[PDB]
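A single chain comes next, written as structure tokens; it is the form deposited in one PDB entry.
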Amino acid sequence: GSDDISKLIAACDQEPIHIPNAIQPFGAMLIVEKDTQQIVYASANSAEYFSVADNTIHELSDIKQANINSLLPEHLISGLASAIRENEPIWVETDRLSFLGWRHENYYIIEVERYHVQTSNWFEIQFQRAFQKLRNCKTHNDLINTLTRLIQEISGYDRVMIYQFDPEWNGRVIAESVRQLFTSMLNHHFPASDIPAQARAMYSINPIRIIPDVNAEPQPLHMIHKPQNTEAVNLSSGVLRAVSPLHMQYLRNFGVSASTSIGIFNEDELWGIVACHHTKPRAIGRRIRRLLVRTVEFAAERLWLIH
């Protein structure tokens, strides 16, 4: 509704996007308290994923009476127990599920996605091709164009752009790589207000941001066993963190059903964003995400060498 959209825009610059208390439904999330060893939150769709690891779970309510050792891999639990630095995700795979868990304050946060084993030399070949091509770039402009062409080759997204920020955080589209029959966004300007400060902040917590489907219903976090601290839990280090309905609408209005964005960092400063938009919904596996982030990180070093 128009008035609800207006009210969202009223408080949008201050919206707490790190604590949506909901997730995107392409995975499930558990939140466990470190000291009480108890599940304190579960995403609404937790049943349809964790039934694969423990066949005794049928509804969301069964999780309260479920045992963590039945839901998570033994390796993931022991890795969370001995990991001492905060917000460093541990990635553990089984035959059917793909877990990503980290330690944040007094909690363990576990995301899980479905996973399909893919055995091929394709990633090693793509990695070598990407690096040699980026090493050959000797001019600033040639590098960003090669990077945008490579990101498109790897992910298959319909349009891939690079935003560069100016000192005052306004964005300009400095290079583009798009399929035919698309409006050219090259040299488009957008104001700093379009990306709130806290939205830029997330790229320093997790350098990739993933929206596989702008029209999937966000799943909220249900309380399971009562926590000692009831403040909402920061979800920013993982990938399932739900998207602001505002931005989902913005993406719809542009004809975009799926997006993936990657931060470009010069030292610790955020210099720009690599953004990928797709007209149809689109899922990218964890390995493809890694390949994109590694390619962008390699490109950044060469870029600073060139300037």
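Rigid core: the largest C-alpha set superposing within 1.5 Å between the two forms. Start at 1 with the first residue shown and count on from there.
Note that the form deposited in another entry isn't included here; everything after this is about it.
Of the residues listed here (125, 232, 83, 205), only one shifts its CA by 2 angstroms or more between the shown form and the other one after fitting on the rigid core, and it is 125. Remark: with the core as the superposition reference, the CA shift of residue 13 between the shown form and the other one reaches 2 Å or more. Cα of residue 26 to Cα of residue 9: at least 3 Å longer in the other form than in the shown structure. Between residue 20 and residue 6, the Cα distance is greater in the other form than in this structure, by no less than 3 angstroms.
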